[PDB]
Amino acid sequence: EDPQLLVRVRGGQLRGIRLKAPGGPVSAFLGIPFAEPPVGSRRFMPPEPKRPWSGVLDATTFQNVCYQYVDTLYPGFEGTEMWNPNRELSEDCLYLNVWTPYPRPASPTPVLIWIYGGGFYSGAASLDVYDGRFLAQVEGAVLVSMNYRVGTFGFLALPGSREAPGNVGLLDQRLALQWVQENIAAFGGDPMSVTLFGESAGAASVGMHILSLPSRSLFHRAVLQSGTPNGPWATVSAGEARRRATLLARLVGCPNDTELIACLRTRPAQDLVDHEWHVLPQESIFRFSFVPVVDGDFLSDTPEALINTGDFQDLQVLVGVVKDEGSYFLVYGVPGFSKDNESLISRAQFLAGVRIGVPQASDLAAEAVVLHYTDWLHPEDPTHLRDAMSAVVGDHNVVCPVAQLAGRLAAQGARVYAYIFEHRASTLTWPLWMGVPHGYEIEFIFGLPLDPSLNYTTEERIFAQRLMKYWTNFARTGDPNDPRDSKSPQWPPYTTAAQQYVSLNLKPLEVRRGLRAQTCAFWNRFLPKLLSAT
Amino acid sequence: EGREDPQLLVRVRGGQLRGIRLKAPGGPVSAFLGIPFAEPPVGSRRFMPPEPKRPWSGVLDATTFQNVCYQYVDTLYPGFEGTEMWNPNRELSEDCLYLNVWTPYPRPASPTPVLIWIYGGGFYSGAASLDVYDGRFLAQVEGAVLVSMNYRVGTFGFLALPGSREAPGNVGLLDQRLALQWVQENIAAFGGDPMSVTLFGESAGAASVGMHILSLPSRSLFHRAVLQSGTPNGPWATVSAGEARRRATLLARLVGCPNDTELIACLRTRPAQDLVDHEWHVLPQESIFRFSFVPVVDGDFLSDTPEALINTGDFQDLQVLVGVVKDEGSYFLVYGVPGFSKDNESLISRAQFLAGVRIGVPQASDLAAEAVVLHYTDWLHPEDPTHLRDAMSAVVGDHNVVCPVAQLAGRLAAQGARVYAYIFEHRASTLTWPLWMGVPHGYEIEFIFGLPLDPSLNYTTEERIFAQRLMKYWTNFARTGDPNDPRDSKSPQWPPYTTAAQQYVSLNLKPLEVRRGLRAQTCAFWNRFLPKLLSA
Ligand SMILES: C[N+](C)(C)CCCCCCCCCC[n+]1c(-c2ccccc2)c2cc(N)ccc2c2ccc(N)cc21
Ligand SMILES: C[N+](C)(C)CCCCCCCCCC[n+]1c(-c2ccccc2)c2cc(N)ccc2c2ccc(N)cc21
Ligand SMILES: *[C@@H]1O[C@H](CO[C@@H]2O[C@@H](C)[C@@H](O)[C@@H](O)[C@@H]2O)[C@@H](O)[C@H](O)[C@H]1NC(C)=O
Ligand SMILES: *[C@@H]1O[C@H](CO)[C@@H](O)[C@H](O)[C@H]1NC(C)=O
Ligand SMILES: *[C@@H]1O[C@H](CO)[C@@H](O)[C@H](O)[C@H]1NC(C)=O
Ligand SMILES: [Cl-]
Ligand SMILES: [Cl-]
């Protein structure tokens, strides 16, 4: 045995495993259950806390991945496989993971809680890019990551019903957060300093915890990477959720809510996943079938209303985007795009792409988008049109929604820091035209380049160390700047006045002003006004 | 005759004329001023098409400028050179259809290309006798034969009751056309080549030139054209027959008048000054860069809207030179946008900006106005007074001149014409308007005409060299349809404007510089998006 790998939490004893990190050992407690398996009659229902266990629970291996659709667009392709489940799929998946320095910290250490992305229909805390050993070893951080239900299992809703209230996947995350308040101290973590961070749907999830009162007492700071609670894809109305739920029911042979849900519960998991994608209202990209719902409960109102009228006085937030938020999504549905060629498109393909990229847009609105992104000096140039289609998708779904959030949070009392990540991993396997795709800053924040066997450049390894510092400094103090180091340059807070943000790349920090200011004014101020009349 | 300068006696279709020998910096020039080309359009001729001037007896004296067409006189800034320089400099009268001719002295031995100037003034003012349109420099230095004509403005030249016989509209344009025919028939007597006539004009004059390009009967009277800061298409150069009818009958009511015959007959009994006194009271909304009586789409002179005509016209054998000045809109702001004055910096608030936009784009809906505001707002400093002031200027300039010009250059180029484009960026050292206005509408004219060559005018030496360059460009273009000088490979060339490369040059003290895209993004907003917003 080894007293450093043995811990006692409210539900019982656990035994972790000593793991090897480039510069030393780390303690890892993997696959800890935080809820009763949400199986059988518990499908679609809120999670219940895990009942106490006897003996020493083995926490040396990752638990199962929540049941979800598996990507098959590019079989054998590293670029896609790296996001696919790396453990058995099962509805019994509510487990979390903890990494801590070895030996366990002498004094309470700030805690970082990761919430993965995957459009609310996929993902898992066991993926290699979320490996928390690096942050634990190098920065002495206590890192936690939980699995939460996705797809229909976590978000199918029949608003108002008792058996399928919606947002249970968000409640899974919340329960994991409560578990941290109650047990993290046993691992040397400071429950009084918990920072949530996540990417994409994970970022939107973090945003939702910021906007839901019951979550606010479970964390202190937040980081949203390439994702927000507001925006066109992160939420749906109660009406739209009901529509999709009943439509999915129909597609699988079911059928009063109770009856419908009861029948949905008798169906095999893969049956539900098989039809998940057939409930989307129009042909589109960056749209997901089962996502959080404005239930008037977890979310008292739309994220839009909540961020416009919220008081964020004592909150510190770090937000940012990658250089090419939209490239990735284009190959999943826009005619003319592929990872295998340059994807130089025609102007016609561009107008077609926009209708798919902004599925909710009227013809006039679509026209405005086209006229705004067309480069009138080279209106027919294939390369510009291709890069413009990427920008439309990235701006509409991430950048502008992020600019919007940064602005409201800053205007309403929060301390905000913003960035744009611009370094493309030397090991990226997607084509060059995609630039720095959605999700590729993660491996750097988690510190993977510090693993010699991964073949990153020496520069990349120094870069990752910088980023890890920023994130952990932010977790420690609510300020990413190094408290002691007297000449940086400094990363200034983001404000509505100066709108300052920094570029994260191999070069030293560079301060810039206005995050796609003109273009986001188009998306955030004009387009809305357009559709509410037309 | 007997003792007179034999070089100043000339005969034209209507009779004998005696000109005057004038002095130009580098030598003498011949000037024939105040030649009548039409019967005085007075009394029962008011509002009617011009009739050719009947022959006269004896030697008509053509040594001084004739009357200025009856028009509104600006008094916004009494005593101010900036405004006075455009005011009438001869007696006002409805008897005003006269033209002027400048030629080298002695008159050219072989046929010389002819340049015909058509003045601007929003179709409500102007005169060919203003100092900035003095043709002596172009005649003396480039050996050009320059002609300029007065044409009726305001109600006298554009009030129309479409379909009627007594006030068909566009008579001011017909006055111009009659002067062009007069040139075809008589310019040879002065040594001008009737087979090489280039029309050039600025603002309403440029719009006029554009309308001659779009009206078949005028096409046989000229060969090349220059449009400076103006176009026949755009929001101010024309009105629909319905709108002209409305304005004319409203003006009729305002002066006590009331069937078209009755109305027009009553209008003809009214004193000229009474018509001018109510001219401005017929505009549909509060606005700037909008004029009461302008060319009407009558389905005659203009068979269709200038927009339709430039989109479907064949401009195969046409060479055109077009351009704008650096700050087309500044000037207009002081005539109606609250917060703007020539006497202070005109730093404005964001609220004043939104209000200025409603006045500057008077025909825009609330949604359209918001679109303009959102497009011109600098979101990094949305409240900065200086940027707002400069943005208000840009809105007015782009909507009324720059984008309409870009639209025109594009259609002409795509449809067979040879087009050359420029942006004039030099501010006269002698300008009396405040610095914030930059290079205002109309201030490139004194340079094209060569005034800086006159020592007494106090222009800098560089300005004088600049003027000489411009005169060369314009006359080269008039001679060959190409502004470039064949005997000179050093000076960078001025490339034609094409839909593909969209090249145009900057005209300033520096040597020519080629640029691409004339306000391409912003004009796409005005020319492609705003309209579509309108179709809903
Ligand atoms: C009116 N009505 C609803 C009847 C028809 C209207 C068409 C709207 C649906 C389009 C959804 C966007 C394409 C996504 N899309 C589809 C799909 C869904 C419906 C139609 C065509 C394709 C897909 C389908 C299956 N079975 C399995 C995997 C995938 C898939 C996987 C990943 C991903 N990112 C997108 C995907
Ligand atoms: C529907 N209803 C008729 C009841 C109201 C609509 C009237 C709005 C018209 C505003 C015209 C823009 C200001 C021009 N504007 C006006 C004027 C016209 C109407 C109302 C207020 C001012 C002016 C007035 C007089 N008497 C004499 C000279 C000038 C003037 C002179 C030069 C210039 N460039 C512009 C000028
Ligand atoms: C600039 O001027 C605008 C127009 O006001 C006129 O000019 C000023 C200088 C005074 O002489 C006044 O009597 C005139 O009516 C003003 O509306 C504007 O506020 C002025 N700008 C500022 C803020 O100084
Ligand atoms: C790229 O491949 C896609 C599908 O494989 C195809 O539709 C498109 O035309 C190709 N583009 C190029 C660069 O040829
Ligand atoms: C030109 O300058 C002279 C010398 O100062 C002055 O007497 C004259 O009035 C000026 N004339 C002009 C055009 O301003
Ligand atoms: Cl005016
Ligand atoms: Cl006025």
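In the text below, chain A, chain B and the rest are named by the order of the sequence lines, each starting its count at 1.
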- For the residue pair A/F444 and A/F463, is the inter-centroid distance of their aromatic rings smaller than 6.0 Å? yes
- Message: For a side-chain hydrogen bond (donor to acceptor under 3.5 Å, both in side chains) check, start with the C-alpha distance between A/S200 and A/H438, then their side-chain angles and the critical distance, and finish with the verdict.
- Response: CA-CA 8 Å; A/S200 207; A/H438 186 70; 2.6 Å; yes
- Message: Going by ring pair (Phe, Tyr, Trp, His ring centres under 6.0 Å), name the residues that satisfy it together with A/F153, two or more places apart in sequence or in a different chain.
- Response: A/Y67
- Message: Rounded to the nearest 0.5 Å, what separates atom CD1 in A/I307 from atom CD1 in A/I210?
- Response: 10.5 Å
- Query: With a distance cut-off below 6.0 Å to the six-membered ring centre and an angular limit of 45° from the axis, does A/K339 pair with A/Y74 as a cation-pi contact?
  - Reply: yes
- Kindly assign one of parallel, tilted or perpendicular to the pair A/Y130 and A/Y116, based on the angle between their ring planes and the thresholds 30° and 60°. parallel
- Note on the structure: Taking every heavy atom of A/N86 against every heavy atom of A/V65, the minimum-distance pair comes out as N-CG2, 4.2 Å
- Is A/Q68 reaching over with its side chain to a backbone N or O of A/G123, donor-acceptor style, under 3.5 angstrom? yes
- Query: Do A/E139 and A/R476 sit within salt-bridge range, that is, some charged N less than 4.0 Å from a carboxylate O?
  - Reply: yes
- A/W114-A/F446 aromatic ring centre distance below 6.0 Å: yes
- Task: Please test A/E459 against A/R461 for salt bridge (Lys or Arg N to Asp or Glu O under 4.0 Å), starting from the C-alpha separation and ending with a verdict.
- Result: CA-CA 5 Å; A/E459 290 103 285; A/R461 190 261 296 173; over 6 Å; no
- Are the side chains of A/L57 and A/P33 in touch, meaning some heavy atoms are under 4.5 Å apart? yes
- Message: With side chain to side chain donor-acceptor pair (under 3.5 Å) as the rule and sequence neighbours excluded, what pairs involving residues 140-153 of chain A come up?
- Response: A/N97-A/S145, A/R149-A/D172
- Query: Is any side-chain heavy atom of A/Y102 less than 4.5 Å from a side-chain heavy atom of A/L5?
  - Reply: yes
- Item | Results of ring pair (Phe, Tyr, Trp, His ring centres under 6.0 Å) for A/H396 - residues two or more places apart only | A/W523
- Parallel, tilted or perpendicular for A/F288 and A/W233, by the 30°/60° rule? perpendicular
